[PDB]
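Engineer: Chains as they are written, first to last, in the deposited numbering: chain B, 54 to 66, 69 to 194; chain A, 54 to 66, 68 to 194.
My questions will all concern the structure given below.
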């Protein structure tokens, strides 16, 4: 029955340290703090993978996070099904994301590059539009 | 422990899903159940996918066979694999690379673009107009 704090920033634009401080201020009793620097899209985050594996191994009673999108950009519902099945609770301290603009744009750009690759392989009329879109998002 | 075929199409645009099921069955001769969904890999409310996920989590599943990874989900395939590993379950994809129809990818991108533009508008970001313009280009 570990109580865990998970904190994530896409980059330190100090922001991560401050997110941790806020969590620990809000949740005074906790066992472990896991952090990652990287995107919520990034499925290779070591902190996130450690945390997921711990939930699945029934070590975790509660994961506390500052905002809905600290854990993932997509698939929150899956993590919710996982937690519920392993008697783990996900607690998000604030109801609305406070996502920096650069994080959203960064994430969109990652996705668009991904899709252009998927569209390019087939040679879809749509490759160029998606490619242009990614470019425009960097301007 | 159950061997399950999972098949999905974003729409029947009639025999599309039936042919996916049939393809699966020709590759896996011994299976316990076939679970299907019509909807997007982005749709986290798919009844079939949710039944499946709960079964894996309840230790009912030995193996899930699907045509390729994006049949299961558009994002988070890696989370599913972690889940399966902890629950003595293996996901088998008959092909490593997705063979998604063009229409499906464009539709998924349009859904994703709508979601981001909503958030950009919410924070009054000047990128909103670029994102709207992209969704429009993809609808053309």
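Don't be surprised by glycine CBs; every beta carbon is placed ideally from N, CA and C.
#1: Roughly how many whole angstroms lie between the Cα atoms of residue 131 (chain A) and residue 154 (chain A)?
#2: Can you tell me whether residue 66 (chain A) is buried or exposed, with buried defined as 16 or more other CB within 10 angstroms of its CB?
#3: Secondary structure at residue 116 (chain A), three-state DSSP: helix, strand or coil?
#4: Please state if the CB of residue 120 (chain A) and the CB of residue 147 (chain A) are separated by a distance shorter than 7 Å.
#5: Could you tell me whether the Cβ atoms of residue 188 (chain B) and residue 167 (chain B) are closer together than 7 Å?
#6: With the cut-off set at 7 Å, would you say residue 135 (chain B) and residue 55 (chain B) are in Cβ contact?
#7: Please classify residue 60 (chain A): is it buried, with 16 or more other beta-carbons within 10 angstroms of its beta-carbon, or exposed?
#8: Could you tell me which of B:111, B:92, B:162 and B:150 sits nearest to residue 129 (chain B), measuring between CA atoms?
#9: Between the alpha carbons of residue 177 (chain B) and residue 159 (chain A), how many angstroms are there, rounded?
#10: At a Cβ threshold of 7 Å, is residue 63 (chain A) touching chain B?
#11: As an exercise, report each continuous beta strand (DSSP E) stretch of at least 3 residues that is fully enclosed by the segment 119-175 of chain B, in chain order.
#12: Just the Cα atoms here: how many angstroms apart are residue 86 (chain A) and residue 151 (chain A)?
#13: Where residue 79 (chain B) and residue 116 (chain B) are concerned, what is the direct C-alpha to C-alpha distance, given to the nearest angstrom?
#14: Could you tell me the boundaries of the beta strand (DSSP E) in which residue 56 (chain A) lies?
#15: Provide the residue span of the alpha helix (DSSP H) that contains residue 88 (chain B), from first to last.
#16: Measure the beta-carbon distance from residue 67 (chain B) to residue 89 (chain B) and round it to whole angstroms, keeping in mind my assumption that it falls under 8 Å.
#17: Quick one: what does DSSP say residue 194 (chain B) is sitting in, helix, strand or coil?
#18: Sort A:82, A:190, A:69 and A:62 by Cα distance to residue 126 (chain A) and report the nearest one.
#19: To the nearest angstrom, report how far apart residue 94 (chain A) and residue 184 (chain B) are at their CA atoms.
#20: Excluding the five sequence neighbours on either side, which residues of its own chain have a C-beta within less than 6 Å of the C-beta of residue 179 (chain B), listed in chain order?
#21: Compare the C-beta of residue 138 (chain B) against all C-beta atoms of chain A and say whether one is closer than 7 Å.
#22: Could you say which of A:139, A:193 and A:145 lies nearest to residue 165 (chain A) if we only look at CA atoms?
Structural biologist: On the basis of the data shown:
#1: As a first step, residue 131 (chain A) is located in the second chain; it is residue number 77 there, counting from the start. As a first step, residue 154 (chain A) is located in the second chain; it is residue number 100 there, counting from the start. The straight-line gap from Cα to Cα measures roughly 15 Å.
#2: If you number the second chain from 1, residue 66 (chain A) lands on position 13. The residue in question, residue 66 (chain A), is exposed, as its Cβ has fewer than 16 Cβ neighbours within 10 Å.
#3: The residue labelled residue 116 (chain A) in the question sits at position 62 within the second chain. Residue 116 (chain A): strand per DSSP, three-state reduction.
#4: Counting from 1 along the second chain, the entry for residue 147 (chain A) is found at position 93. Counting from 1 along the second chain, the entry for residue 120 (chain A) is found at position 66. Contact flag set, yes.
#5: Taking the first residue of the first chain as 1, we reach residue 188 (chain B) at position 133. Taking the first residue of the first chain as 1, we reach residue 167 (chain B) at position 112. Going by C-beta atoms, residue 188 (chain B) is nearer than 7 Å to residue 167 (chain B).
#6: As a position in the first chain, residue 135 (chain B) is number 80, starting the count at 1. As a position in the first chain, residue 55 (chain B) is number 2, starting the count at 1. No, they are not a contact pair.
#7: Within the second chain, residue 60 (chain A) is the residue found at index 7, counting from 1. By the 10 Å Cβ count, residue 60 (chain A) comes out buried.
#8: The sequence position of residue 129 (chain B) within the first chain is 74, counting from 1. Residue B:162 is the option with its Cα nearest to residue 129 (chain B).
#9: For the purposes of this step, residue 177 (chain B) is taken as residue 122 along the first chain, with counting starting at 1. For the purposes of this step, residue 159 (chain A) is taken as residue 105 along the second chain, with counting starting at 1. Using only the alpha carbons, I get a separation of about 11 Å.
#10: Here residue 63 (chain A) is taken as the residue at index 10 of the second chain, counted from 1. Taking Cβ atoms only, chain B never reaches closer than 7 Å to residue 63 (chain A), which makes this a no.
#11: 144-147
#12: Taking the first residue of the second chain as position 1, residue 86 (chain A) is located at position 32. Taking the first residue of the second chain as position 1, residue 151 (chain A) is located at position 97. Whole-angstrom Cα-Cα distance: 25 Å.
#13: Position 24 of the first chain, counting from 1, holds the residue named residue 79 (chain B). Position 61 of the first chain, counting from 1, holds the residue named residue 116 (chain B). Looking at the two C-alpha atoms, the distance is approximately 16 Å.
#14: Locating residue 56 (chain A) in the second chain gives position 3, where the first residue counts as 1. Per DSSP, residue 56 (chain A) belongs to the beta strand (DSSP E) from 55-62.
#15: Counting from 1 along the first chain, the entry for residue 88 (chain B) is found at position 33. Residue 88 (chain B) -> not in any alpha helix (DSSP H); beta strand (DSSP E) instead, spanning 87-92.
#16: Between 66 and 69, chain B has no modelled residues, and residue 67 (chain B) is one of the positions in that gap.
#17: Working through the first chain from its first residue, we reach residue 194 (chain B) at position 139. DSSP places residue 194 (chain B) in coil when its eight states are reduced to three.
#18: Looking up residue 126 (chain A) in the second chain gives position 72. Of the candidates A:82, A:190, A:69 and A:62, the one whose C-alpha sits nearest the C-alpha of residue 126 (chain A) is A:62.
#19: Locating residue 94 (chain A) in the second chain gives position 40, where the first residue counts as 1. Locating residue 184 (chain B) in the first chain gives position 129, where the first residue counts as 1. The straight-line gap from Cα to Cα measures roughly 22 Å.
#20: Sequence index remark: in the first chain, residue 179 (chain B) carries index 124 (1-based). Excluding sequence neighbours, residue 179 (chain B) sits near nothing in its chain.
#21: Your numbering for residue 138 (chain B) matches position 83 in the first chain. False, the Cβ-Cβ gap to chain A never drops below 7 Å.
#22: For the purposes of this step, residue 165 (chain A) is identified with residue 111 of the second chain, where counting begins at 1. Closest by alpha carbon: A:193.
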